[PDB]
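Residue numbers (the deposited numbering), protein chains in the order written: chain f, 2 to 437; chain g, 2 to 437; chain G, 748 to 764, 821 to 867; chain F, 485 to 815, 821 to 885.
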Amino acid sequence: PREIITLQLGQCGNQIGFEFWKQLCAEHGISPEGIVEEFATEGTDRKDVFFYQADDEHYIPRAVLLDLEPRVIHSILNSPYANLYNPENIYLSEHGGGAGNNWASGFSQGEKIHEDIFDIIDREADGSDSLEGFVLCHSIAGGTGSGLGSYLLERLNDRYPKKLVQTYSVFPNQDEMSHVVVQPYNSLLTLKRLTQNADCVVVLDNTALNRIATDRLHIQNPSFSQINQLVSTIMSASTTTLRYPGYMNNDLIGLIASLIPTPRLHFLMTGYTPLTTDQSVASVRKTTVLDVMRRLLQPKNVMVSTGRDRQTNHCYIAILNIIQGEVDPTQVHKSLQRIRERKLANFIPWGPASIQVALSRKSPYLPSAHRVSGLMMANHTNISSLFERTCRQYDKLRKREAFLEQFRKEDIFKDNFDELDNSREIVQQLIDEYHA
Amino acid sequence: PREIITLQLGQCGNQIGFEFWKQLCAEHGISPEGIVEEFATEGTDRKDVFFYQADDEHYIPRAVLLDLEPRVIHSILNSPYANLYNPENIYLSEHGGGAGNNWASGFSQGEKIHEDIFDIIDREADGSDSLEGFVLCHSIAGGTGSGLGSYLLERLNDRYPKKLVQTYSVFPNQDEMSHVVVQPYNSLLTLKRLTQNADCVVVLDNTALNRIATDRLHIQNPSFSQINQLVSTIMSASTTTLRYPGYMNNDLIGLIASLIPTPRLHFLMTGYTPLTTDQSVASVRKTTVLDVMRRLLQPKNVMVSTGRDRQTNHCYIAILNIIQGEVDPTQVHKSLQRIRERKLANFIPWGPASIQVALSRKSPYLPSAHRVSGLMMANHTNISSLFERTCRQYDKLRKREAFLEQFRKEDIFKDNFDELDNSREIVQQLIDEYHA
Amino acid sequence: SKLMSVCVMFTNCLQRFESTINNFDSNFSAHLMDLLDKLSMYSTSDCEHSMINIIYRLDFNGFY
Amino acid sequence: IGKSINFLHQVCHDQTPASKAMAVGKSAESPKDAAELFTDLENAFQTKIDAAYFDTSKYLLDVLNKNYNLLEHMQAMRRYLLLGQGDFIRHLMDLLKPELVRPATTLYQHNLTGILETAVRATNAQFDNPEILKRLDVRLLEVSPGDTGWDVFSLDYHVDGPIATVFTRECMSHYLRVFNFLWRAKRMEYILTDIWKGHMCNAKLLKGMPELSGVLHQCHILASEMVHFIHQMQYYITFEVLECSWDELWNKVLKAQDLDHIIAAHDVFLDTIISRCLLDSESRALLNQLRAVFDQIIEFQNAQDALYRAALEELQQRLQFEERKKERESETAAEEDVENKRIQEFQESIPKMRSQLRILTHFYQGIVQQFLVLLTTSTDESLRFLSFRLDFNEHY
């Protein structure tokens, strides 16, 4: 009983959460409609911890999908994955809302559909004997997921302040501003609520997702279907201590405690190397373990945009290196002999750092019985490069005179704008003070 | 023998025993035109208690059906079980009807059909060699079953003082007052005869009923025929230690005496798990039998609605949990380890409580030869809230200045209106004083 | 047998219709002072599998 | 052969080595022997004995796998007292915690077996079917109830059947010693999560007060220096030794079809692991410094939620008098005075929270530096491996 409730929210958050539930059946080796193999219970030792308990021989997701954009949720019930979602423990079919790519649209839809959002994750949090937490499958992209996503960052942390809250926030694309223009306003609003009513988050940058999406997956046109590939893999990978076997840090709130070092600095960086098209051509020369954390040490796998001149004036505190699949574990300490010699990762020389490595076996799946997959969950204190960027794209836009009255047309008839800026330079200053 | 003659009475009261008989033939695998099948003697060695003993080798239910609406009995006399029913021991075929839907109408028509009302239960009770008792499956819904059902609550507990008097009481809707407005007068007049002219009641709620009809079973818009489906299932489920063989407490006046000190506290809350109809094909491979008898104690399926915060300020005194079908009887003591372990039920600490656990075998028939079924007959003291709702709905209707003369048409020519107010307020205190 | 004697003694009293009822309570309280010595007579073995089921039913006996 | 003849007794099958070709063989052999002249086998002795030695070693690897599989059972005990799988034991010890907090009772035994048994049924539907749970029992101590009672609850793998042919008395007694260090590591993994949630519980509840916001902020740092040091030492010293001993023994009893190599892998197994865990008669300097840190992080622990609860409850009496200020406006110098007492009870409660924290870290500085020296001296064992492991926590 370490049950986690997913809150799939927004136009981009339903799509990243679709390929995450669809990924789980493909590795348990089963049909999304049922149990067709014994690898669902022999391979995943522990059957259900993201699904409600069995009384029909089916694994029914613990997902709520509320959105003000109905196209994305209509791409679920005409998908051949509409035999995984059973509507009666998930949601009532069709959920409508505002226009509404504004932050103030999804933010008000949380206050008049207030009855259903606080009556749908509590009809699904009553079977649990003790709740683990909430994963906010919400986005900063769009106003549907950033508006509704900003409300639940408060109300889940005054009612359940002990439960894990943690969002997979993906920023809206920062090399364009020709499809979204409300981007500096809605990002800073969620980040304030993240800095004083939050436990841990896992944030990613969308321009650093798309640098990998064209360098490993080898497409010439970035498309929001190749960007969602990176997010379903690292979601299912972080909890292969819990849902899949583990021992040390077997709770996902075990792993995450040593990735929280002090309030408002616990924004965890994600890295995941093996994605290449020909990753599977290295089983002719030995799928070795003598390079599977020299590729997690080598800096070229970042989903956070950050300089290479920030790797000698910042220092890591906690670094997680999860190796997955077959591994031959009697040479994994031999590989860890070798991390300290290159020093392409630094340590704070005033306090302790910790280099956690762990391995876990998985259900028959080609990426985890013939291939080595490495998830890094870093906590590097160079994360202030996104926070300064979000702030410079904000302070230039208020001088153009935009959204200081072009924003006050839905439930904002007061000022609160300099409350987000002032808090934001304290976060960057308290990050920068914490290493020397 | 222990033959009970059932007294179906009222327009609604007659329909809730009708669909009770259609269940009984289908599970003995008998044919409706007498016993013609050999599964009757080989399969189970007793089935009589509601069936008239052989003297022709054809069986007639021990039923009497009297009403002031012959309209309810024509929904029984056009059905092709009108050759299963043999009308000359049930009623003198094509009995007339009354005015009639006043409580005082059927109450005054009992005292000039005084001769016939005490012979039509003698021509249905002349085959027994020592009669056990009478169950009045009357109804409080409408003034036809309540009107005539009040008469038989008095003359059957003093012209047979040794026989068991017990009713399956069903209420009419307590949200509405436009489907029956005469509801606070007839309810309190019949509750009054239950606390000085009966020993046991069975309280079934109509407003928690349709709450279960949209929950586990799902109906698009509420329908006035649900009332006879939810009620008839718990009727054939309740007598399975006196139809089918038991062991301990096979005497019904043994279970009911361990339920009730005395009338003035006798209002039984019913709970019945199998209402999920996917549970029924997931019990081939075992659904866990350890939690299916803990969802009765907490409200997921109770048919009596009572406070969901007054379950820890009030105490159970007697709670019965009858398991039916498979359970594996040697892991029934493994489930009974866990009832005491949580202490979901609060108990009386001055003196003995009772955790009544009972189990029973069934007649061969696959939806009751492999399914996990739990029936609760509780006696919790928080039952004072329904009588506080009914009583507050009576004083308020009399302060509108009505049914104080627009109701004194037959047999009430005197003041006894404040006698039902004091006798209900007497009851509401004596339950609560019984626990310390 | 003594609890049965208070049972027929109580059906006799309801047929005949103070000091009488207290004599009822001492006979029910006579079986509670006995059940209290039973819990220590049941727990005393030297432990193994057979006795721990026998104390387990008797703890449910006082609980009932 | 004398050993393998005692072991076929134990098991169901009692048969002449593998083939029934041994019953022809005895009958040929006595007359054959008699038909020899004046010579007798003296170098042909080696062909007779070595082929037969090979014959009842291949009857042996059959008896081990055909009934009552011992080798799966070698793995089955590792899950319940070498705790090879955490998701089993963490799902026990979450439901066990409200029971372990209260001292031991005389009704303590009968009910924990039904809490244990419902819960190993709840996390498995493929390892429930093998009889490993009817081959699993409880172990309780003779420890007089004068302790919380957490070292008391222990699982033992109970045998006395054919599985107890390969096991000795001397084996599970040493497995008691390996349980108690491992039970306290996995206890420390969970009691430090609870108090982490208590930093984050109370913090959401002191909002409206700018002072106590930053007070918890530094305390969250000083806790981390103990949490991160416990994690990289306790998790990593045990996982490595668990790895080196599971890989020593389990791939040596199905790589050898003899009996004397089975026992030879087993009696080197159980005494390599405890010397790197807790105990022996040289590693007595190890556990003196691993228990000194074990009780200072509890001494750090109870002062937190004894002041953190007070940090959140004192603002609740401050707040409810502000909700009372508008009811007087609908239906005041002395009212400011009680606000000044709340502001004083906050004013007080901050150097209290500071000073106890400075007394705790001066106690932790003394354990951690004494923890270094008495692990970096000692002789007649490999200290080069232990000084590799501890210099790895301090520099990296």
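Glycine residues also receive a C-beta, built at the ideal position from the N, C-alpha and C atoms.
When the beta-carbon positions are compared, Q280/g and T288/g come within less than 8 Å of each other.
The beta carbons of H139/f and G128/f sit about 24 Å from each other, so the pair does not count as a contact at 8 Å.
Look at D176/g: its C-beta is not under 8 Å from any C-beta on chain f. Residue state for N856/G is assigned as helix, using DSSP reduced to three classes. Inclusion of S361/g and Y245/g in the CB contact set at 8 Å is warranted, their separation being smaller than that value. Contact between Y273/f and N302/f holds: CB atoms are separated by about 7 Å, below the 8 Å threshold. Using a Cβ-Cβ distance cut-off of 8 Å, the region 603 to 612 of chain F and the region 640 to 657 of chain F are not in contact, since fewer than three pairs of beta carbons, one from each stretch, lie closer than that value. Along the region 586 to 597 of chain F, going in chain order, the ones with a CB nearer than 7 Å to a CB of chain g are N595.
The residue from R3/g, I61/g, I384/g with its alpha-carbon nearest to that of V202/g is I384/g. Secondary structure remark: continuous beta strand (DSSP E) runs of at least 3 residues inside the region 351 to 378 of chain g, in chain order: 356 to 361. Interface with chain g (8 Å Cβ-Cβ cutoff): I599/F is included. Distance from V232/f to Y169/f at the Cβ level is roughly 6 Å; contact confirmed, criterion being Cβ atoms closer than 8 Å.
By the rule that beta-carbons nearer than 8 Å mark a contact, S237/g does not touch chain G. Under the Cβ distance rule, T607/F does not count among the residues neighbouring chain g, no pair being separated by less than 8 Å. Here DSSP, grouped into helix, strand and coil, assigns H59/g to coil. With respect to chain F, the C-beta atom of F348/f has a partner C-beta closer than 8 Å. Beta-bridge partners assigned by DSSP to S170/g: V204/g. Taking C-beta atoms as the reference points, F40/g and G30/g count as a pair closer than 8 Å. Shown in chain order are the members of the region 349 to 371 of chain g whose Cβ falls below 7 Å from a Cβ of chain G: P353, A354, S355, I356. For the C-beta of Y867/G, the chain g residues within less than 8 Å are, from N- to C-terminus, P353, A354, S355, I356.
Here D57/g is exposed. Its C-beta has fewer than 16 other C-beta atoms within 10 Å. Ranked by Cα distance from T234/f, the options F51/f, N380/f, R343/f, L376/f are led by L376/f. Sequence-ordered contacts of the region 276 to 299 of chain g with chain F read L291 [C-beta pairs closer than 7 Å]. In this structure, the beta-carbon distance from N103/f to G144/f falls below 8 Å. Counting only runs of at least 3 residues, the region 121 to 200 of chain g fully encloses the following beta strand (DSSP E) elements, listed from N- to C-terminal order: 132 to 137, 165 to 171. Interface criterion not met: the Cβ of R339/f is under 8 Å from no Cβ in chain F. For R409/g, the three-state secondary structure derived from DSSP is coil. Nearest C-alpha to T242/g among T208/g, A209/g, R47/g: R47/g. The straight-line gap separating the alpha-carbon atoms of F404/f and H180/f is approximately 16 Å. Residue pairing for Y92/g: DSSP places it in no beta bridge. Around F831/G, the same chain offers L750, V753 as residues with beta carbons nearer than 8 Å, after the five sequence neighbours per side are excluded.
DSSP, reduced to helix, strand and coil, places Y248/g within a strand of the structure shown. A direct Cα-to-Cα measurement between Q569/F and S239/f gives close to 18 Å. Apart from sequence neighbours up to five positions away, the residues of its chain that approach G99/g with a beta-carbon distance below 7 Å are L69, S106, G107, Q110, ordered along the chain. Taking the Cα positions, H115/g is about 35 Å away from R390/g.
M836/G carries a helical assignment under DSSP once its states are collapsed to helix, strand and coil.
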